[PDB]
Ligand SMILES: *[C@@H]1O[C@H](CO[C@@H]2O[C@@H](C)[C@@H](O)[C@@H](O)[C@@H]2O)[C@@H](O)[C@H](O)[C@H]1NC(C)=O
Ligand SMILES: *[C@@H]1O[C@H](CO)[C@@H](O)[C@H](O)[C@H]1NC(C)=O
Ligand SMILES: [Cl-]
């Protein structure tokens with residue numbers, strides 16, 4: 001996260017860390033005790049057996065007593081996920097057990113089934129353990145930035161017409177670069193206490209307004225998300 005601040009330890013109990021080969025690789029959120037929502041691009045060319053989901057974390061390099069580590073029993077990539085364009089960049093993680101919900105491990109609500117995406121100017125927050133600068137500097141813990149939803153046409157223009165109808169954009173509230181960075185992928189964009197976005201892709205320079213922050217528009221996937229959950233439920 002660039003242009004953000006370190007959250008109070010465990011103040012966002014919904015945050016997940018997807019680890020590959022012991023290292024943090026992506027973010028995500030706890031939808032249900034055993035369900036994690038993330039970005040499909042995070043698992044592209046990766047052995048699911050080397051994957052771990054950590055919940056209840058603040059400092060990833062610390063074996064925190066609030067941390068709960070789970071394996072991935074199933075990965076469900078969106079059927080229409082196109083890696084080149086980043087279209088339908090969403091996936092669901094069914095863990096090899098259920099998280100014990102507490103003050104450090106919680107759930108995040110999806111937008112409604114009949115809910116529209118937020119309008120330009122809507123204040124949102126993005127969190128993660130991704131880089132804090134363009135010099136691959138690591139955060140002291142789970143960071144969070146204050147962003148504002150950016151007009152879809154202004155964004156699509158900046159992106160040379162490469163945005164899909166199911167993608168939203170953010171900008172900073174001021175003159176400082178604020179947004180996500182490498183390894184914040186999959187982690188949610190929280191608008192009005194709902195996961196409206198999902199970290200997808202940026203430019204070369206983290207938080208650069210010339211190459212705005214692209215998130216997966218979550219409201220479009222609410223129906224799919226519950227369909228996949230129900231399918232593997234008793
Ligand atoms: C995004 O915009 C696309 C059109 O972009 C414009 O036209 C193309 C041919 C290029 O000249 C480009 O530089 C221009 O910005 C649309 O095809 C597409 O539907 C738009 N997507 C959304 C979500 O509105
Ligand atoms: C869950 O998965 C992890 C990683 O594969 C493994 O270490 C752990 O033993 C598993 N737990 C159960 C109950 O299967
Ligand atoms: Cl569940």
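Read-outs: derived from the displayed coordinates by stated rules, not from any lab. Neighbour counts run over all protein chains shown; Cβ positions are idealised from the backbone, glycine included.
Computed quantities for the displayed model
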quantity	calculated
Span from the region 76-128 Cα centroid across to the region 177-234 one, whole angstrom	6 Å
Percent of Cα-Cα distances greater than 13 Å, calculated over region 136-180	63 percent
Residue order, fewest to most beta carbons within 10 Å, for 7, 18, 149	7, 149, 18
Exposure proxy order (Cβ contacts within 10 Å, fewest to most) of 95, 75	75, 95
Interatomic Cα distance distribution for region 101-215, bins of 5 angstrom, percent	2, 12, 22, 25, 20, 11, 6, 2, 0
Region 25-161: mean projected area of Cα convex hull, nm²	10.4 nm²
Relative contact order (%) - criterion: Cα under 8 Å, at least six apart; region: region 1-122	29 percent
CD proxy at 222 nm, helix term only [per DSSP H run n ≥ 4: -39500 (n - 2.57); per residue of the chain; nearest 500]	-2000 deg cm²/dmol
Once the Cα gyration tensor of region 23-64 is diagonalised, semi-axes √(5λ) in Å	18, 15, 9
Debye intensity ratio I(q)/I(0), log10, region 105-153, q values 0.22 Å⁻¹ (C-alpha model)	-0.97
Mean Cα-pair separation over length for region 121-234, i.e. relative contact order, pairs under 8 Å, 6 or more apart, %	26 percent
q = 0.09, 0.10, 0.12, 0.18 Å⁻¹: log10 I(q)/I(0) that the Debye formula gives for the chain, counting C-alpha atoms only	-0.32, -0.40, -0.58, -1.41
Relative contact order (percent, whole number), the chain, Cα cutoff 8 Å, 6+ residue spacing	25 percent
Sorted by Cβ neighbour density within 10 Å, fewest at the top, the residues 137, 144	137, 144
